[PDB]
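Notes for the one structure printed next.
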Amino acid sequence: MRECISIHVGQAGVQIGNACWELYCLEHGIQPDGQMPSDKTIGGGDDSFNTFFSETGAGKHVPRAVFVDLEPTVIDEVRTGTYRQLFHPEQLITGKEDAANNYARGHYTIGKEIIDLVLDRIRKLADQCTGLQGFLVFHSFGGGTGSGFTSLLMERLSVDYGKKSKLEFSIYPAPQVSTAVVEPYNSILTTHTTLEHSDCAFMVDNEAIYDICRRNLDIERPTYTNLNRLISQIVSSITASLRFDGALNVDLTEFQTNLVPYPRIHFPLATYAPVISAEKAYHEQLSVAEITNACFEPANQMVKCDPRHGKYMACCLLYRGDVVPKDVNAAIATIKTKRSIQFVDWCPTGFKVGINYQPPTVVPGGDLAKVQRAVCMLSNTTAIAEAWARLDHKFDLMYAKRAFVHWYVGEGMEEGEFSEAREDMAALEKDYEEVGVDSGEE
Amino acid sequence: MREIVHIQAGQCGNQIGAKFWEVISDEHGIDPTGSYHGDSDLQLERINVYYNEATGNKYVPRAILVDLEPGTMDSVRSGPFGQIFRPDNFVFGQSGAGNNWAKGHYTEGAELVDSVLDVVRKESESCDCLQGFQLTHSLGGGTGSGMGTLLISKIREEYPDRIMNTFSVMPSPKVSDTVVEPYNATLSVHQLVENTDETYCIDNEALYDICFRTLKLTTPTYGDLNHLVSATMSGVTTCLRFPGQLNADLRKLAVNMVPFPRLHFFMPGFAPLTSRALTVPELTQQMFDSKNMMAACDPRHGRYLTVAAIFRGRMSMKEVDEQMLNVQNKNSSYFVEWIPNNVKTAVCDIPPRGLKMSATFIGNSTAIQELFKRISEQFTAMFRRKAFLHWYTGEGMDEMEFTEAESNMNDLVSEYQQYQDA
Amino acid sequence: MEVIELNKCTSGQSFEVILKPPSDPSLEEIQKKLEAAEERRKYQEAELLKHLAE
Amino acid sequence: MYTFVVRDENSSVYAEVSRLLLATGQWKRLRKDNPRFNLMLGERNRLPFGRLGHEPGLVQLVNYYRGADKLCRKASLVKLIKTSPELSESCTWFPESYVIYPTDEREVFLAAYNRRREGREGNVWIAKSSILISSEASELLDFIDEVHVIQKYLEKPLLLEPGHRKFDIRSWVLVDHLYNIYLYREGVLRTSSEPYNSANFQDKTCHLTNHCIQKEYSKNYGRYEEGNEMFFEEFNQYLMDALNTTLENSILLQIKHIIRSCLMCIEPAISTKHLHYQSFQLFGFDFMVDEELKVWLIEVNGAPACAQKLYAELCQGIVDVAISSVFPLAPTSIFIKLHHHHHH
Ligand SMILES: Nc1nc2c(ncn2[C@@H]2O[C@H](COP(=O)(O)OP(=O)(O)OP(=O)(O)O)[C@@H](O)[C@H]2O)c(=O)[nH]1
Ligand SMILES: Nc1nc2c(ncn2[C@@H]2O[C@H](COP(=O)(O)OP(=O)(O)O)[C@@H](O)[C@H]2O)c(=O)[nH]1
Ligand SMILES: Nc1ncnc2c1ncn2[C@@H]1O[C@H](COP(=O)(O)OP(=O)(O)O)[C@@H](O)[C@H]1O
Ligand SMILES: [Ca+2]
Ligand SMILES: [Ca+2]
Ligand SMILES: [Ca+2]
Ligand SMILES: [Cl-]
Ligand SMILES: [Mg+2]
Ligand SMILES: [Mg+2]
Ligand SMILES: [Mg+2]
Ligand SMILES: [Mg+2]
């Protein structure tokens, strides 16, 4: 067994973290007080769940997690809520004033003042590990802390844990729930500075989640709570292989190996099915063929884009519930004759498949219905670059006028950092285009 | 980012400031003796932004009351909520400022300003993490205008990394005390351009028109004007005062609202306009209506750089989002295209007193140049003949300082015009 | 369509199906970048206080 | 009020559609870079499909299908036909075609060239790109060298009379957001005003029927009809008078078959049915007819013009079926809806 440390940064990172650990506890039968009856080895162990939980002699299972936010109100809620007992005080780190939706303020001004502390608290977690694999980092692109402090943390994490893998779960900005006009600036600044330090990043566009909640959970106006419960299901589907017995994606390194042949092109598209309303009185349960087919619908993706007009480098299918390989292969065969699934020439057209027999767990009283089988597809497709294009365009519109730039320079960031970051994004768009594309009044 | 220190200066500043405290105290369930008697926890969750907690579960406005004569503050102290203010936070002289910016800024005000700063410092000192300051004042008189901007300068020098926010009442011949108001306002605007982060432009012109044209008030009094102002002030501070996601503190508001540092003068609007059932569609239409704007500028004469909209009361958020999108989608030309998604919307469940629901509008529009052009024209009509200048040169000022203030305000105008056309 | 590397356990199974074959900055540097930015905040602030002193 | 942007100023069809949308009084045009539009009349090249369907509160529609270029590019069409089972290398309404780079189908092309050359079979081919007619391969290959397609040249065209002259048929086809396929009832024949001469593929005015070409090199341009355009009523009368048949029977059935076959083949690749934005597109299909009254597809155009006397009607039809279908305003359809569901 090799440990993984989760780090939750800023409001989106912290609140998503809360949702994930709640779900993890339900999945492993760990109670809010941290006790885990089914765990017969009191006070230690090297089971697969121990990758995410440590143990006390009192039999308390403690998330291997650090929460960091530059203001206290969100984390104070972690300290005072259901799972308050789960976490030791030192795991929950707060400042007094936040980054004011300003990457430069989170990264330079306030970051400089809290980074050594955050690192010390992580070091403490690391010293509890006999074989630390590396880090799962949750944050938004749009917030000042989410963007600016994370990039600083990732830089330093590479320095202090040079051999460790780092995975990201990143929230891409969507105006329907966003809180700042400058979020495109922050997204591009943080992506630029973080790119070389992240081995694999799962981007979730709030717009996609928002619309899935509206359309499939019949939620008229989704809240962060609705959104985060759904995100936590997807995150759980993705990390299940680290936390349960199995032979696919069993360590962080395997994520890069299976999903990222090109280091910079490390943003796999997640697609999830089925999402069914718990209030739906009568629901016909979906087959393996039906939920697999649904993996190739844009409406189910964590980022709206069109994989038909792109190319795949890799594809993994992660099932939970009553699923056997025979039906998966039958499903795929059929889907292959209908869908447009084009791989790049230098990769095999194939699927790595993982099946965990335990159906998805849902939070009692949540919005999601219990289902007999679910799947999360992780495909590394060039189509996700549509989302960079969207961001880069918005960035360009404002930057041409230097709108809001004075806020970043005033924190001691140089203007040149804007155009350097943008140039990197341009290079990134070009890379996706080359990988993914071939070459009048009439 | 928690505590705000409130300062109110001079006659206008103190009268509207007092009304602001009356209004929000009611909203937060604080009675005139500082005792809490509300029925909701939403009331107390962020109460510390504006109030200190004293002994006995007493809540005390973090508020400093300044004037160069005692008259208006004697009245404040006699006012309904007058006893809630901290007695040592009343700082006043005896001389008056005679509607003279020079007296407020350079002579009479100079003599008093240090003692104001002693009180501000004592307030800031007990703050767990001061966000910054809000100042209420007029620009047309002497104390609020000349001493108020002196204060802002000294406060910046002592807290240069904190946010400075003002509610600044702009003079109008329609509601005018003296002929020198354009002089005092031009001198003050230059101070504001340099030393505030966010200024709510409250135009006595707009307030009078609304009272006359819309509220059917034949003979509007300063009291009627202040009804609109206190309603607006409550609206624009809702996000600072109650739990919420958007513009929840002064810096995040500035970052969302101010794309270029000098262009930080906001046109506020409010609906419904008051002196029995409004739909989200109606709130939305009325909040964006020129007739509901408190700065007498035609927003169709310019473009919106940024907008914040705040809806209060129990209502459908779905419908709110739909209507806000409808406004932008159907009048998209008036929103600059080079700042994508430049309209932000908050919703707060608690409505203001006497209404089921309400909406407050904060616009950064290039049309605000019309208000400065108007002041600039009035300034020049007099300054070209050096009329009334002796009142200022007698306090040691020279004409060059007038030429400079005028030039900088014309520069401000040219700068709005630049982004109107970009 | 070939199936490979089938692994089974009590908790589930995994396999691969092929449909067709093919056809950093040091700590030092980080600190200097943060101090450069801090110096710049300091310079801008000093400029401000100078202007206010005038 | 619905809103739209115009991003191809050089398009005559959509300039007319724009003219029409305004004239309803319920559509407003925005600056071309304003993002809050219902309808994009897009640019021909590198249309930013990735930026569509991300505007909360706006149902967005665009007048191009992403991916339709597969049908509308010489080299792409050849590949699409050979490699798609529904069409296949054995497809009977598309002339033998090979993609030749200056992968490359050279050795395969020559093989069929030689095969014909040994069987004595007529052996004229035509090379063209996105034009040389010849019976010698060496010439065909050498020209290119100096991506293309070589295509069996239809040595036995149907020739109009009087004139002994060649022609091609343009059909306009509108595919809407539901993937309904609408064939405009009016087509047009682009005629050659010069008699067909099969002992000289050097002079191409009698071999290539493009309007532009007849409008210059042909000294009989306009001689038989205005300008070099015969419309369906007349062509039908001709077929009745001369060959004792109708346009519908001898030709149009094959055309509808071909149009439906092409578009149904690429539907899974380009359909916007479950997509966050929606597409429609107007296509110009070009056909040749041989002396057996057999129809051959020559090419599909992705951004066609219309015959002068047909803009009004077709352009009105576009807003009727493609636009007002999605964005309804406050017959005797000019289109034939191409649908057919044989059971087996
Ligand atoms: N899915 C989801 N998105 C969130 C959540 N909270 C905030 N966001 C998104 O994150 C972005 C804002 O970033 P935050 O995480 O709130 O900001 P922060 O990291 O705390 O940084 P500062 O407040 O500026 O110091 C916006 O795009 C929000 O819509 C959440 O709980 N869930
Ligand atoms: N809205 C409003 N405006 C006022 C009030 N009192 C004065 N004014 C305006 O303020 C200006 C006069 O300045 P004032 O505050 O009385 O002088 P000061 O005491 O020297 O600051 C003029 O433009 C008046 O119209 C008030 O209570 N409400
Ligand atoms: N295989 C062929 N047989 C006979 N004539 C052809 C053939 N291919 C093209 N032509 C002639 O050349 C003209 C132009 O070719 P085409 O590829 O259809 O249009 P364009 O070159 O304008 O894209 C046609 O209208 C037709 O008259
Ligand atoms: Ca154990
Ligand atoms: Ca590394
Ligand atoms: Ca004195
Ligand atoms: Cl290491
Ligand atoms: Mg935050
Ligand atoms: Mg007065
Ligand atoms: Mg043609
Ligand atoms: Mg062509």
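As the structure lists them, so they are numbered: ligands from 1, and atoms in each ligand from 1. Just so it is clear: chains get the letters A, B, ... in the order the sequence lines come, proteins before strands, and each one is counted from 1. Hydrogens, waters and symmetry mates are skipped; everything else that's a heavy atom, side chains included, is used.
- At least one N, O or S atom of A:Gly44, from either the backbone or the side chain, sits less than 3.0 Å from the Ca ion (ligand 4).
- B:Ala18 approaches B:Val76 most closely through the heavy-atom pair CB-CG2, 4.2 Å.
- Metal site remark for the Ca ion (ligand 4): A:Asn50 contributes no N, O or S atom at a distance under 3.0 Å.
- Using a 3.5 Å distance cut-off with no hydrogens or angles, the side chains of A:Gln133 and A:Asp251 do not pair a donor with an acceptor.
- At least one N/O/S atom of A:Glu55, from backbone or side chain, sits under 3.0 Å from the Ca ion (ligand 4).
- Looking only at side-chain heavy atoms (C-beta outward), A:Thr51 and A:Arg2 stay at 4.5 Å or farther from each other.
- The atom of B:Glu111 that is an N, O or S and sits closest to the Ca ion (ligand 6) is OE1.
- Here the CG atom belonging to B:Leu151 is positioned 10.0 Å from the NE2 atom belonging to B:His137, to the nearest 0.5 angstrom.
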